[PDB]
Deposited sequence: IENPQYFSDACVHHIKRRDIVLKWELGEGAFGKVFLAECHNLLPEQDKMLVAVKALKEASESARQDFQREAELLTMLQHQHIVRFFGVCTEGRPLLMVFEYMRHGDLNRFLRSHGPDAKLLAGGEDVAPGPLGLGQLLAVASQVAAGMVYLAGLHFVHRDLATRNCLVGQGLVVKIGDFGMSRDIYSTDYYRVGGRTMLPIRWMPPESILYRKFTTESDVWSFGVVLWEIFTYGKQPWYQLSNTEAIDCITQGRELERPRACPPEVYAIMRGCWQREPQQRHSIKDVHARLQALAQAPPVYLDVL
């Protein structure tokens, strides 16, 4: 809400079970029939609105607008019978924070043990690609963090969420008075102090996403309370270099974390550097 529509017949959606819950809705896994030509049956994630209606139409418009190779695919809505539904792509590894933790200190998509440096960089690059697209359309996320990315088959990583991160990951937010919940640990000085949010508050957040990736999904400033974390951020402390993170990747983080918004590197450059590294041969990466 800070920044055409496909429609799906209720009968074509068959709910299977709940994936998660919140204050403003529930998410289910469902079979969707006649959605794509190739697949006559297919799995999808369905967001059910608690039941509001105006916001829904507006959000649905924007979600349909924002479609990219690294943005969670939105198929359309179901406005036939209440409750209103939003239909998204099903991403089988769930959110990126959960995926990182479950492969940190085997299977179909990933090797045993912690994810190697090349895997971590591929993840980083895809999220960066996603924010390039968003910056290019001049969309400000406001809550970029690994919990708001999803991991699919073949370790495809895409930006997107179902609006329940405040409920599932409540410790990642600071309740400031009543009903406002801020992802302070992911926010730069200008958002905490002045309450400004821009493309460059998002680069900062990406920098913190990069730290999350390289710490296997650990919470930023985990050693601190919320007030202590606000103190450190506003006073200008930068997160330390993760053990798994080599100097050159850490240098990418710091460019995201320049205190002054204009001195931060553009997302396009962050991506270009991370892609290169992700697409670099084992001989070059083994030496990083």
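The chain's deposited sequence has unresolved stretches at 4-10, 59-62, 117-122, with no C-alpha coordinates there.
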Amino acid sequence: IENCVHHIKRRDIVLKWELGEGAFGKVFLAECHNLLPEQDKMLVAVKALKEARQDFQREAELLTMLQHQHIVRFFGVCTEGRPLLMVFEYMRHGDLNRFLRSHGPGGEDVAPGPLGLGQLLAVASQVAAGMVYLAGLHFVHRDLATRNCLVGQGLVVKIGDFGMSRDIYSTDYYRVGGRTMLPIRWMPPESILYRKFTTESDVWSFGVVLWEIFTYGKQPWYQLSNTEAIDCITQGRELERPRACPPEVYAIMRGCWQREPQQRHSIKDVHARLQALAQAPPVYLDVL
From here on, numbers count along this sequence of modelled residues.
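Throughout, rigid core stands for the largest set of C-alpha atoms superposing within 1.5 Å between the two forms.
The stretch that moves more in 9 other deposited structures of this protein, judged by CA deviation after a rigid core superposition and choosing between 238-246 and 24-32, is 24-32. Larger root-mean-square CA separation from the shown form, computed after a rigid core fit of the structures in 9 other deposited structures of this protein, is seen for 154-162 when 154-162 is set against 85-93. Per the compared records, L144 is resolved in all of the other entries whose models span it, so no third of them omit it. Coverage remark for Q39: absent from the model in at least one third of the other entries compared whose chains are built on both sides. Mean CA temperature factor is higher for 173-181 when stretches 173-181 and 200-208 are set side by side in the entry.
Here 143-151 and 189-197 are compared by their mean Cα B-factor, and 189-197 comes out higher. Comparing the listed residues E31, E228, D40, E59, the entry records the largest Cα B-factor for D40. Note on the listed residues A52, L224, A45, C232: the highest Cα temperature factor in the record is that of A52. Sort the modelled residues of the chain by CA B factor and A135 lands in the highest third.
Among the modelled residues of the chain, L96 sits in the lowest third by CA temperature factor in this PDB entry. When the CA B factors of the chain's modelled residues are split into thirds, the value for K218 lands in the lowest one. When the modelled residues of the chain are ordered by their C-alpha B factor, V27 lands in the lowest third.
Among the modelled residues of its chain, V156 has a C-alpha B-factor that falls in the lowest third according to the deposited record.
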